[PDB]
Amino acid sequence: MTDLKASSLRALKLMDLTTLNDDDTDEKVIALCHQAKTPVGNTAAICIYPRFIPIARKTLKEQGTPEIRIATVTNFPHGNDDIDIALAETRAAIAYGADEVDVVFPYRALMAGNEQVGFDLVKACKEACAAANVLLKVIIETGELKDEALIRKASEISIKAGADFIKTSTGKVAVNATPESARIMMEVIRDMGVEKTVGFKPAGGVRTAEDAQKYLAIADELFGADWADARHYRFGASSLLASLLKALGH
């Protein structure tokens, strides 16, 4: 047993195994579901576009892993400031059968000085999700926000509005998760004293076992090594799984 082996098994079990591509099909999503069932255990979740939720649910059930959660995305990837649209998409995700909805915060509106629309958008989507026993993650798009003060503010607004998780990135812009962005966002969780109710999810560009290991190190430093369970930590990733399995001998 090695520190890398220990972190890699932990990371595997925290993955939101993702496919969000223009050419996605049912077949591709079925294959993803099979990939999430590994010889050492299951990923925490899959993350797919809403229209694929019903076929994914059926696939996960037939292979005997109904406990793999189904996450999806709304207001995505653009993070527009139309609350009605974000909410309608979130209600549709719930109706398809999502376990978790990852909504994009209206980051450009924040950058232009409008803090209120992000509060209102997150709150509206949280209310819909909580009524359905669905978890809400909020994607703030740290690579577009760029400045520490704006990363902190988007995190704070999201948490105040009811986010169950704060997530770095869509994976669809040039810059996604970084260790510094992860530290900033986790410091907000710490500063607001919301460790019990808010998780953290780095997403985009987390490609290798060693990458995953960098992010868990930060969590363990800040909150102790027991904090990062599946309710409090996820990896938004794809290729990372194969890297983790190699680190583990599988």
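Start at 1 with the first residue shown and count on from there.
Margin query: Averaging CA B factors per stretch from the PDB record, which one is higher: 211 to 219 or 177 to 185?
Written below: Stretch with the higher mean C-alpha B-factor: 211 to 219.
Next item on the list: Could you check which stretch, 194 to 202 or 32 to 40, carries the larger mean CA temperature factor in the entry?
Entry: Between 32 to 40 and 194 to 202, it is 32 to 40 that shows the higher mean C-alpha B-factor.
Checklist line | C-alpha B-factor winner, where the candidates are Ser155, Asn75, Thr142, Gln116 | finding: Of the candidates given, the C-alpha B-factor peaks at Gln116.
Item checked: For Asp229, the third of its chain into which the C-alpha B factor falls -> Tercile = middle for this residue's CA B-factor.
Notebook entry, point to check: Within this chain, which third does the Cα B-factor at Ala88 fall in: lowest, middle or highest?
Noted result: It belongs to the middle third of the chain when residues are ordered by C-alpha B-factor.
Notebook entry, point to check: Split the chain's modelled residues into thirds by Cα B-factor; is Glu127 in the lowest, middle or highest one?
Noted result: It belongs to the highest third of the chain when residues are ordered by C-alpha B-factor.
Item checked: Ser169 - Cα temperature factor, lowest/middle/highest third of chain -> Lowest third of the chain for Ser169's C-alpha B-factor.
Check: Taking the C-alpha B-factors as the PDB entry records them, is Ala112 in the lowest, middle or highest third of its chain?
Finding: Highest third.
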